[PDB]
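Visitor: these are from a larger complex, still in place; more later:
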Amino acid sequence: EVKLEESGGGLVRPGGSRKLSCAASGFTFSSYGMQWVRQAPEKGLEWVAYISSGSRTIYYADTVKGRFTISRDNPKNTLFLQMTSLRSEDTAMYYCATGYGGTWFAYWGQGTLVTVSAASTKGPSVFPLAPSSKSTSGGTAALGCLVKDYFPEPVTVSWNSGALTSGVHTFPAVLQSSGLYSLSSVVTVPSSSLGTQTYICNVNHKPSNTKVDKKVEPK
């Protein structure tokens, strides 16, 4: 099976540099052109670069010309993107892709997230969104967690270590003007379970190696 596996993403200061790799398997890599495509959060797809099988023909999007270099190592079945003079506008999920026979994007990796920012890595503050009569409708009560001021993205939120999944809504993060991110996660549960069932939102922020378990109780 064809598989493309990107690596090398992470956090870079503006003006800095980063090299992405893409390991290809399941087909004769050396015979096909390879490509990089990116996607800024909540935006559309933007092509980045193309390299022919023998590296003779290289194309670049105009916004990366003079700053990005695409290359490959055919014996090692590996594609590279060397990024320099990075700017906040280069923050994106980076995908490698191939047509496996053409210039279309037939196969895609899972992508790697590159964040370009001078903000410092920081775990979230987690605050309860407590159930109350202002959050109850019929036999249903809503509750949640506010996951505030972390950096960079992702954070993962679960409830009761993943056992509680029905009715969970974890909202997309908003990049604040401070440079940090914030989101909330909410869940609706039977109001009859309040005071008998413990509700804990589990916040994991791997970039800062922080894990928070916040129990959410009626006030």
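Guide: Everything's here; your move. Residues are numbered from 1 along each chain as shown, chains lettered A, B, ... in the order given.
Visitor: How is chain A divided into domains?
Guide: With domains defined by automatic domain parsing, chain A comprises A:3-116, A:125-215.
Visitor: Now render the ones you listed as CSV, adding mean neighbour count.
Guide: For the C-beta atoms, the positions are set from N, CA and C on the backbone; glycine is no exception. Converted to CSV, these look like this (neighbours: other C-beta atoms under 10 Å):
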stretch, mean neighbour count
domain A:3-116, 17
domain A:125-215, 16
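Visitor: mind listing what residue A:23 touches?
Guide: Contact analysis of residue A:23 by C-beta atoms under 8 Å, 6 or more residues apart in numbering lists A:4, A:5, A:7, A:77, A:78.
Visitor: Please tabulate the residues you listed in a markdown table, including the columns distance to residue A:69 and secondary structure.
Guide: Shown next, in a markdown table, are the contacts of residue A:23 (distance: C-beta to C-beta, whole Å; DSSP: H, G, I helix; E, B strand; the rest coil):
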| residue | distance to residue A:69 | secondary structure |
| --- | --- | --- |
| A:4 | 19 | strand |
| A:5 | 21 | strand |
| A:7 | 17 | strand |
| A:77 | 19 | coil |
| A:78 | 14 | strand |
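Visitor: For residue A:45, state which of those residues is nearest.
Guide: residue A:4 (15.6 Å; C-beta to C-beta).
Visitor: Verify the stated contact: that closest one with residue A:107.
Guide: Yes - with contact defined as C-beta atoms under 8 Å, residue A:4 and residue A:107 form a contacting pair (5.9 Å).
Visitor: intersection of neighbour lists for these two?
Guide: If you check residue A:4 and residue A:107 against C-beta under 8 Å, 6+ apart, the residues they both contact are A:97, A:98.
Visitor: is it fair to say residue A:204 lies in a helix?
Guide: No - assigned with DSSP: H, G, I helix; E, B strand; the rest coil, residue A:204 falls outside any helix and is strand.
Visitor: next up, chain B:
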Amino acid sequence: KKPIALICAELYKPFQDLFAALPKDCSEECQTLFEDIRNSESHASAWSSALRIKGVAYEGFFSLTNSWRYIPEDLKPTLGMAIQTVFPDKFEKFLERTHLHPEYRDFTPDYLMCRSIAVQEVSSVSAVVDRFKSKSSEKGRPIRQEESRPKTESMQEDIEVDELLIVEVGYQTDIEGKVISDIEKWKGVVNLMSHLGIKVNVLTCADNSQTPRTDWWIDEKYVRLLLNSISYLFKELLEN
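Guide: That brings us to chain B, laid onto the chains above:
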């Protein structure tokens, strides 16, 4: 002092070494030309003949170096012939678009190949282009190079197209002027090829006698042959 015929006598061995190494048809032409010099009455006559030996021999050694067929000027295909036999479905449009520049049809490069009067076949055009760009980038050798490109079209991996490779070579003192004039002459047809959707590469290069022997577009052995023969002949005609 020395008569012209006597000048050819002293250079008997260098010119025999030259004729032995050149391709068959190239060698005969240079041999006929040498006898015209030996029998030349005027200094102008001898000089003009020597000029032609210089060009014809060099092109013979360019062919050997690149394992290309040497083609006498008389048998060399024109651009028009190349379009008609390689891109027959576009020859009509080629004619119409050359109405205001009909001389384009008659352009006859030193080498006119297409990817694998007859157009020669080459296994890879891009390999030849790379070889030229490498030596240019490594020994600072002046070249000029241009590729047809319809609009901003990308190369493609799911289909092959026929393509031409047009090459101009030369042995003359003004190397930069040679390649600049060649690419200027062909820039018009490159633009035309773009509008016809025909893929072409044009390459031009040049050597002169001041070029380091290891740095020519021809094998160093061939450099010594030209230097020991035609180059010395020019020096002897001028002194005498």
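Visitor: can you check the contacts of residue A:23 again with chain B included?
Guide: A:4, A:5, A:7, A:77, A:78 (C-beta atoms under 8 Å, 6 or more residues apart in numbering or on different chains).
Visitor: so which of the residues you listed comes closest to chain B?
Guide: Using C-beta to the nearest C-beta, residue A:4 is the member of the contacts of residue A:23 that sits closest to chain B, with 16.6 Å.
Visitor: Just grab the bridge partners of that closest one for me.
Guide: Residue A:4 forms beta bridges with residue A:24, as assigned by DSSP bridges.
Visitor: residues in contact with the residue of chain A found nearest chain B?
Guide: Scanning chain A for the residue nearest chain B gives residue A:102, at 4.0 Å (criterion: C-beta to the nearest C-beta). By C-beta under 8 Å, 6+ apart, the residues touching residue A:102 are B:156, B:157, B:158.
Visitor: ok, back up a step: which pair of the contacts of residue A:23 spans the longest distance?
Guide: Longest span within the contacts of residue A:23, C-beta to C-beta: A:7 and A:77, 13.4 Å.
Visitor: related to what we said a few turns ago, now the contacts of residue A:102 in JSON lines, with neighbour count, distance to chain A and secondary structure?
Guide: Below are the contacts of residue A:102 laid out as JSON lines (neighbours: other C-beta atoms under 10 Å in any protein chain shown; distance: C-beta to the nearest C-beta, whole Å; DSSP: H, G, I helix; E, B strand; the rest coil):
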{"residue": "B:156", "neighbour count": "12", "distance to chain A": "6", "secondary structure": "coil"}
{"residue": "B:157", "neighbour count": "19", "distance to chain A": "5", "secondary structure": "coil"}
{"residue": "B:158", "neighbour count": "9", "distance to chain A": "4", "secondary structure": "coil"}
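Visitor: Check the residues you listed against residue A:91 and report the nearest one.
Guide: Nearest to residue A:91 among the contacts of residue A:102 is residue B:157, at 30.8 Å by C-beta to C-beta.
Visitor: pretty sure that closest one contacts residue A:99?
Guide: Yes - using C-beta under 8 Å, residue B:157 is in contact with residue A:99, at 6.5 Å.
Visitor: now the sequence for chain C, which goes on the structure above:
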Amino acid sequence: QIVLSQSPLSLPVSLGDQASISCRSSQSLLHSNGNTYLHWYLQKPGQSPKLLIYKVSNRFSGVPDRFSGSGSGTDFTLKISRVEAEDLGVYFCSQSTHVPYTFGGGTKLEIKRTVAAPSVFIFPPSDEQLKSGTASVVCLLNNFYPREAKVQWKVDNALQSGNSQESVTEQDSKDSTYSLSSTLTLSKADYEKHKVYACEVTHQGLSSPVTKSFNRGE
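Guide: Same chains as before, plus chain C:
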């Protein structure tokens, strides 16, 4: 550059109905080699894009046969003959005839469902956050359809602006509703100078705009 113009920007469609998405090119995508390098992708929420159709009408191996493409030159169309719940996501056209390769802006395919008014819930700031000098008030619009909603904050009946942010989930895969959070953030000093905190919600499923409010002390 080639500009690809997709229409509509978003496409509500009932399960079982056909969907049609249009892609208009600013110049011909016919390549001099005879091929037309216009292709179609689907990006499901949270996943990487997937190829559906390459060179106008070629279904990529293994793509469901409900997907098809047609067109020529500058005018192209992707058709889903019978929409299934899995087809939720963003559809992109893209071209690789010319450099730069370019994408359309995306068409969001939305699954049509019956109107569902939001449940509106409000959460005062927690004491733990207040101890830190900030007060976030969260208004939650849960499980509503269609997406159009208006949410505004009033503090002692004065409309707020510049101090709230809102976030919307993608359409839910099971019940096809949206949920929305609006977060009002005040300093603790500002929060304690006022009594009534109110979220006002307008949505077509409601008979009139709903104000959900609390009193700071209570």
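Visitor: Please reconsider the contacts of residue A:23 now that chain C is part of the model.
Guide: Contacts of residue A:23 (C-beta under 8 Å, 6+ apart): A:4, A:5, A:7, A:77, A:78.
Visitor: What parts of chain A come near chain B?
Guide: Proximity of chain A to chain B (C-beta under 8 Å from any C-beta of the partner chain) is limited to residues A:32, A:33, A:50, A:52, A:53, A:56, A:57, A:59, A:99, A:101, A:102, A:103.
Visitor: and those residues, which of them are in helices?
Guide: Judged by DSSP state H, the residues of chain A next to chain B include no members of helices.
Visitor: and the spatially closest residue to residue C:102 that is not a sequence neighbour, what does it touch?
Guide: Nearest non-adjacent residue to residue C:102, counting by C-beta to C-beta, 6 or more residues apart in numbering or on different chains: residue C:2, 5.1 Å away. Neighbour list for residue C:2: C:25, C:26, C:27, C:29, C:95, C:97, C:98, C:100, C:102 [criterion: C-beta under 8 Å, 6+ apart].
Visitor: one more time with 10 Å, if that's ok
Guide: B:151-152, C:25-29, C:38, C:74, C:94-102 (C-beta atoms under 10 Å, 6 or more residues apart in numbering or on different chains).
Visitor: same question, residue A:115
Guide: Counted by C-beta under 10 Å, 6+ apart, residue A:115 has contacts A:9-12, A:18, A:41, A:86, A:88, A:90-92, A:121, A:151-153, A:207.
Visitor: Tell me how far it lies from chain C.
Guide: As judged by C-beta to the nearest C-beta, to the nearest Å, residue A:115 and chain C stand 18 Å apart.
Visitor: what about that residue, which SS state?
Guide: Under three-state DSSP, residue A:115 comes out as strand.
Visitor: Look up the residues forming beta bridges with it.
Guide: residue A:11.
Visitor: one step back: what subset of the residues of chain A next to chain B is also close to chain C?
Guide: Counting by C-beta under 10 Å from any C-beta of the partner chain, A:50, A:57, A:59, A:99, A:101, A:102, A:103 from the residues of chain A next to chain B sit close to chain C.
Visitor: Cheers, nothing more for now.
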